[PDB]
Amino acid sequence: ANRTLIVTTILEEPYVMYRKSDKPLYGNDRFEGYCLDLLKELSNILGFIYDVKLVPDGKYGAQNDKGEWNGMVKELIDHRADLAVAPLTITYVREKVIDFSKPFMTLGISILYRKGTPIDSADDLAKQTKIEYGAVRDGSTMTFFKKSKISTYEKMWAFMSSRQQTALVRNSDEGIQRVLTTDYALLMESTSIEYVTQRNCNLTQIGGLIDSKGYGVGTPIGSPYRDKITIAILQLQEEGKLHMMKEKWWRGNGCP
């Protein structure tokens, strides 16, 4: 039989979540969400079974000064996993070191905050000095700011970096808790802002999208699966299945 593929992933609602049960769950059955449905579809098309493993360091992946990667990106570079199936952003820096599939979803960075402020854009956010802001540590949003040559975003990076110990949060849940309980705005991908703001009516998006990009399945460079995964994603795209999956996991609208 075909070797069981190792899938690296990360907990992120509604992509990958713990299933709630009153009885024991083991292996892949512990997880549910958009990315688990995606895996069920992809595996049917490609002819494999798989083993879902949460990334040990709990990170998406960024490179340090020495050029060393961490998170799911490192798992792929080091051939610890066959595929990364997660809300994993397709970026220039990552594409040089792993092989991404074509995108299964598009999104852009925007701002998550509470309601009631006059802040209406990243320019407003960077200029004012009343509320702090940051991003999840070692993801693509952090890297977007780290790499930017746009003045507003360079300032925002300098600010985030100066207060990194505090401004850069471990995960999105810590980020949202910080937004809810302190004067802190979270830089977050728009599809995640969409999800949270239809559930917690105290939260809102600030401004529009500051970029545009996609999520893709990651594989190690040279992977014999990437092209087959791309073909399968295009099939799911054209058949309307990706759209159906988004509707299933984001349903519905709960806030004014």
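For every residue, the number given is its place in the sequence shown, counted from 1. If you superpose the two forms and keep the largest set of C-alpha atoms that fall within 1.5 Å, you have the rigid core.
Engineer: After a core fit, does 160-168 or 121-129 show the bigger CA gap to the shown form in 8 other deposited structures of this protein?
Structural biologist: Taking the RMS over all superposed structures in 8 other deposited structures of this protein, 160-168 lies farther out.
Engineer: With reference to the PDB entry, specify whether the mean Cα temperature factor is higher for 229-237 or for 15-23.
Structural biologist: The stretch with the larger average C-alpha B-factor is 15-23.
Engineer: For the C-alpha atoms alone, is the average B factor greater in 63-71 or in 30-38, going by the entry?
Structural biologist: Averaging CA B-factors over each stretch, the winner is 63-71.
Engineer: If you check the C-alpha B-factor for each of 155, 102, 79, 178 in the entry, which is highest?
Structural biologist: Of the candidates given, the C-alpha B-factor peaks at 178.
Engineer: Among the candidates 202, 219, 205, 44, give the one with the maximum CA B-factor reported in the record.
Structural biologist: That would be 202.
Engineer: Place residue 143 in the lowest, middle or highest third of its chain's C-alpha B-factors, as listed in the PDB entry.
Structural biologist: Residue 143: CA B-factor falls in the middle third of its chain.
Engineer: Mind checking which third residue 242 falls in for C-alpha B-factor across the chain?
Structural biologist: As the PDB entry reports it, the C-alpha B-factor of residue 242 lands in the middle third of its chain.
Engineer: Using the temperature factors of the C-alpha atoms in this entry, rank residue 212 within its chain: lowest, middle or highest third.
Structural biologist: Middle third, going by the recorded CA B-factors of the chain.
Engineer: Classify residue 115 as lowest, middle or highest third according to the C-alpha B-factor given in the PDB entry, relative to its own chain.
Structural biologist: Answer is highest: the recorded C-alpha B-factor places it there.
Engineer: Can you work out whether the C-alpha temperature factor of residue 94 puts it in the lowest, middle or highest third of the chain?
Structural biologist: As the PDB entry reports it, the C-alpha B-factor of residue 94 lands in the lowest third of its chain.
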